[PDB]
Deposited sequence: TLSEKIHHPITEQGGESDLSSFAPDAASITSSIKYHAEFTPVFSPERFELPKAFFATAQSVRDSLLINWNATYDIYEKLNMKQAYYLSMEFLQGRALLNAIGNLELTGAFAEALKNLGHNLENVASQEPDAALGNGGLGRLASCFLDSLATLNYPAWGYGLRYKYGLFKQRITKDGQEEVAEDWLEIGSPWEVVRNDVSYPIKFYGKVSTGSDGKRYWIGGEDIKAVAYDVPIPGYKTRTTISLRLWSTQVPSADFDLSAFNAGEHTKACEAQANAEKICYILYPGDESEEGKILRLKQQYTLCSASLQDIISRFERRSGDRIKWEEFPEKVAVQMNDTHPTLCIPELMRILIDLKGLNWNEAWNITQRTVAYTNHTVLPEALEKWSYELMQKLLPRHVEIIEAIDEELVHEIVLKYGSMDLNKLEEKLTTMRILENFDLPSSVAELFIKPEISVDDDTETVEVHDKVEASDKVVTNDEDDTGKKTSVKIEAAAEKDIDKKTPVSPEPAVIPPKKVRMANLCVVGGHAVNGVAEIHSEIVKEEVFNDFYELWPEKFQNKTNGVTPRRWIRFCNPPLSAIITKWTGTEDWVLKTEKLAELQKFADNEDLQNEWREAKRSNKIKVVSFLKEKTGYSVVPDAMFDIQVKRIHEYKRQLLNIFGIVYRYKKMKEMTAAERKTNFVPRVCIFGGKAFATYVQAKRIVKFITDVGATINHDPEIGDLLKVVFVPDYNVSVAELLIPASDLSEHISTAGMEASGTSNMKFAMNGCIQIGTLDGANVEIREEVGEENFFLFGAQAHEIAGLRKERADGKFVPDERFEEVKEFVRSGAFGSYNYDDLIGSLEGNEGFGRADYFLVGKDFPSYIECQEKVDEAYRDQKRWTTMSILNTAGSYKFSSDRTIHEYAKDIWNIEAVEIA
């Protein structure tokens, strides 16, 4: 275990000897690079320790596969979990730098996008920390999604450049690479097994990222696959010929798999690439797992032991191919027969949902998947047939309607025939979500109410057939990154009033703040802390949004994928209402009615999704005018933070007073931002749905602001729109007209209101009930103004959010996965 003295040397060493810059000066990016290399060294000691202990013990290991990991930045949580925070700070002093400066150089790992990505990253922290043998498998996306620029003209995209110099935290494993095949033909050989020959051949090379646990040695792995083709494949004859672009083809169409995350699938080309990406992950991962299982088994190898040595968690329907791919490996390659392979598959694999609505579930073209993964469609089919037979045996051909209905609901293959049937152009499709719910031994939703839908609607029939499979694993977020490290002031207070530093682990200790929520001394330190955080954010918003703002206003934050269902538009409209009102009142009354706010927006809109980009533009103009109005001044600001990601969240969240989770009700499965917020003492306005429902229950009904129509009514209210019974509120009408008047200027918005107006239509009719929720919304916002004025009350609510957030530690989530699905036990590393 080192100290500042030793680390100063560790960094000097790496700067000189593991260099990526010239020796001219020790600038900031040099300093970061060398610092991170130092940290790795430490991480690799513990990584190899964990590897050894895991090898010897050959215990059950678990495997979280995710199309996205939103790792964020590594340094601060790294030296935090290694407890060397102090030492690195002091080390850098000696070398003419400081920690925060250096931490600033590090780009977020653009390995993910949203909550499903973050949930993965949050889970890893929990697993390492809790000493559970588990790894994460993902793709190594070179250019992420995009770097968001907020130009005068709204949002614009650029390729993320986080790998320009390369990531210091990663370890390439040139001996870990697997073969991945696409297209081709299948032929049965004289052993009676299938052989999948021909098509395309690419390699998947492993890059390990060490995840360290807090106050433990357990250092697990995020193994990231990266695709290429062996240099053999470079076509010399063609290159020398003159066909350079031709000569590249194999490498071009191999690397492209790992270029970007969620590549636009309007083209067939894009759908192909998407599928490539899913399979690559499922394949290269399972092959690595299987490899490791064998190694650890030795001479004495038994495939009955595989599910007792391995569990695979499919994060959504993207990893679905794990089911047929494992089948494929167990049968075609390892030799086992259908029953053995299938039994093992189910015992191993499990599905985590993440999606509410049935049309949000991933489906594929049968013809497409057939062309790309012949062998896999074969197996899929066999499973579907297996299934029709299950569905028929249980039930039987009573009430043909019952039977027939069930068949179409549950079948994996949409628009297909039955191998035999009784009873006395449609595009052929493959339902990945069905495959998952049959292939896995466990299906779970991500919050009470989410897991309820899946049970009683989305997979209703599968609940009937296999009730045992359905459970729930309410989401969480890591206390380390989201309290201890993102918000040190908060931490000092917590540690104090609890009496140990142990809440970081034993986070049920937050509840011990309840008896002190009224204590005025505690409220003082609380406000002082929040403020402190806010003062940091001021400087941030200055450099990033070029708008100067005041600490002493309320911080009202909404940060999520920009989307009509997320309804940032409802929020900005509530902003515009307050603005219209404030103009219609003199200076003095203006200051009396509305509490000062800084309204923070952020998050990305998919480049193709026009309305969403229109929303980004809207907000940016609202802010343009409002923030440059001598008449308003500092009573209202509206900023949009460019390129929202983990770094930003780590900064805004600690300093938030109010945060908005105002999705149309019944649509959000869970959400995880809202947990980070409640943890950081923030108060939540939102609809009743997803995690919001539990957070409210835990924090306190009166310490969480609620509004809007509830999930069950929505169809009622849309029906109301469809018939023409929704009478809009006059305040709603006001806002729209006020904008039309061109208050925000030369950009015309008729399109944007366009979406909301009319009773019928694809794009018309306000599917997401902005107009309908709007009244209770703004009135709720009045109750926040009101609450904020009563700072003794406000601050109590703040403290109660934190003291209620404990259940939302991902540590609780992982224990539950680990005990109830994976049956993995903790391995302690000496």
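Participant: Pop the missing stretches of the deposited sequence into a list, counting residues from 1 and keeping sequence order.
Facilitator: No C-alpha for residues 1 to 22, 447 to 510.
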